[PDB]
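Just the one chain here, laid out as structure tokens, in the form deposited in one PDB entry.
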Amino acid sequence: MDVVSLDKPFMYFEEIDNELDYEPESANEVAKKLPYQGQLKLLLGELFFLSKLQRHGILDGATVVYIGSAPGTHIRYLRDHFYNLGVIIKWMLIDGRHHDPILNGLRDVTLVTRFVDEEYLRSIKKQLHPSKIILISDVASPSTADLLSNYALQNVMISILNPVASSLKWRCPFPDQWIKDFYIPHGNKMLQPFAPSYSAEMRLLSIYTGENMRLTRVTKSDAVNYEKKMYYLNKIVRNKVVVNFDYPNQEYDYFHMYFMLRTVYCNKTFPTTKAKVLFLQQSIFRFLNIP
């Protein structure tokens, strides 16, 4: 067995303190070990993100515009959670594809069937006015050309919508398929437990203050660094069993999930952080039909 003792897991990309030469043969390795693993991956990051905004008092009264939301099965759990806590939020789910019917019949959630473009964004901005917007983007079409197009659309979402905070999908293109340098919004690069086995995707979390918009340049050398750091995390780190982790599941991903869930608010009071997390995790897995 691959045992180890750790204090805390890597929460952000910036914390990864080691690298490994990427081995392309990793691509043919099992990518997922859980049913609905993708909905789980998304639920944990968005709960982590949204719970943070709650702490800063910027969630209540906001309209959450989620683009690239279909099917969005996991979003029902998110909506229920904050709704049951007494937080007032209006959800606007926009995708060209159709959403899970469990999302129907809620006065607080609007499902829209439209692939957004710059023009459409301006239209709903006029519509939403003057509500505070929190943007979540999970749009996917990829090639380097595809990625750059998605990232270009994401920067457009922020400039037009002018959100108070955002969560964007972020995977650096492969250095060997570099096309050109580009800018992405400045923000924390949140790591994702339960991401595919060798995925280099993370979630860019930003909170906007004033009229300012700070971007950061990404070059090929940056791309080599992403590739090596993420390959080290996937190949070595995520394969560890954290034995000093007092929890029914000691796999690194559960250890990493624990640190995200411990930041979540519940109505029920728990004697220990361990009780709250086991409870939230049980609740999340039951909702998603994960044994």
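Don't overthink the numbering: it's just position in the shown sequence, from 1.
Keep in mind the form deposited with a small molecule bound is missing from the figure; the text below concerns it.
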**Fill in**
In contact with the small molecule in the bound PDB entry (heavy atoms, 4.5 Å), from 207-215, 166-174, 84-92, 124-132, is stretch 166-174
**Asked** in the bound PDB entry, does residue 10 have a heavy atom within 4.5 Å of the small molecule?
**Response** no
**Prompt:** Are any of the heavy atoms in residue 27 no more than 4.5 Å from a heavy atom of the small molecule in the bound PDB entry?
**Reply:** yes
**Prompt:** Is residue 227 close to the small molecule in the bound PDB entry, meaning a heavy atom pair under 4.5 Å apart or at it?
**Reply:** yes
**Message:** Just checking whether residue 77 would be counted as a contact of the small molecule in the bound PDB entry - the rule being heavy atoms within 4.5 angstroms.
**Reply:** no
**Message:** Can you confirm whether 22, 142 and 198, the three residues that make up this candidate site, all sit within 4.5 Å of the small molecule in the bound PDB entry, judged by heavy atoms?
**Reply:** yes
